[PDB]
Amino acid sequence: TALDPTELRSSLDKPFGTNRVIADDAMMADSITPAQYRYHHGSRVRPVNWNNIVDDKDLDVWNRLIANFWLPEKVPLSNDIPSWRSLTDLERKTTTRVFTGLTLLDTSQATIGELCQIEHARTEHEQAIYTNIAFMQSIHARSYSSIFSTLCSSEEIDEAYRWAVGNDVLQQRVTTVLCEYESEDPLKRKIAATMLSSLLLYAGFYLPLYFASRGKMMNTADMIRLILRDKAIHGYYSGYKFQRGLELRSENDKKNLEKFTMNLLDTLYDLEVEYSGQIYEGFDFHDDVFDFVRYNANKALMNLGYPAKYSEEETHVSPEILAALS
């Protein structure tokens, strides 16, 4: 912009005075969170108050997510080295590639996807929760790299990252979600975040669950379950907050958002078939993977308050996989 580069950007705004008052109820009601200031210059900004909880769910979720803090350095991943070497070359290659594509999704959520939920959050405590969630998504992304450092050669890691950048369908998947985070409708942002946490990684999580059901990669499975323990809350909470915003919307917007949700799901589902169907086509468990995808698609919808899309017939995950989930 044309402001002299040595000037403060606040010089464009009328300064606050020199008064000091105990804000009355109207002044407090008009105050805003810091993240809302960008489009409300001149409004008064209010610090977070953890002794004034607006939605008790926020305090419960904060406390649960923080109690569940973990680091990949505490999982003995090197005890999986013999199991990893007992796999085939195709199994190893498929695992590093699948995990690199999961890294891409968690990298995106950590550095923009979850963070863009803050500005239009319903409560200030929810804003703080998103900072914890985004950090833990950086932990998730970092943790796949911890697996690679323990198990893979430099050449294997390098080729998997080149595979991910060069996979057109992977790129379509991630950028489909990234574009919705640019919407000015915060509920479109919430729907995408819910899809990311409750659906988009699960065709990938199927693979380490499969190995664990066959007695392989057991310590890696523990770490995957730590990731899953976070993401189940992340997707529940995103969908919960979507519904808190939805119930204040007009009937017009409610219909738009319902149709938008089904369009996004359909598109992301088709892309999963193309993406993971190609990755898994040389494996017996190919069809079970998409039972598992549709099963988690139903949870994503349920987290948003919408009815299930797929029938029991279409979501029958083998008992061995479900047992590996715990």
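Numbers follow the displayed sequence, beginning with 1.
- Once the C-alpha B-factors are averaged per stretch, 279 to 287 and 48 to 56 rank with 279 to 287 first.
- Once the C-alpha B-factors are averaged per stretch, 68 to 76 and 132 to 140 rank with 68 to 76 first.
- The PDB entry assigns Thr100 a C-alpha temperature factor belonging to the lowest third of its chain's modelled residues.
- Compared with the other modelled residues of the chain, the Cα B-factor recorded for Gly215 ranks in the highest third.
- Sorting the modelled residues of the chain by their CA temperature factor places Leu207 in the middle third.
- Among all modelled residues in its chain, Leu228 ranks in the middle third by Cα B-factor.
- Annotation for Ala221: C-alpha temperature factor in the middle third relative to the rest of the modelled chain, per the entry.
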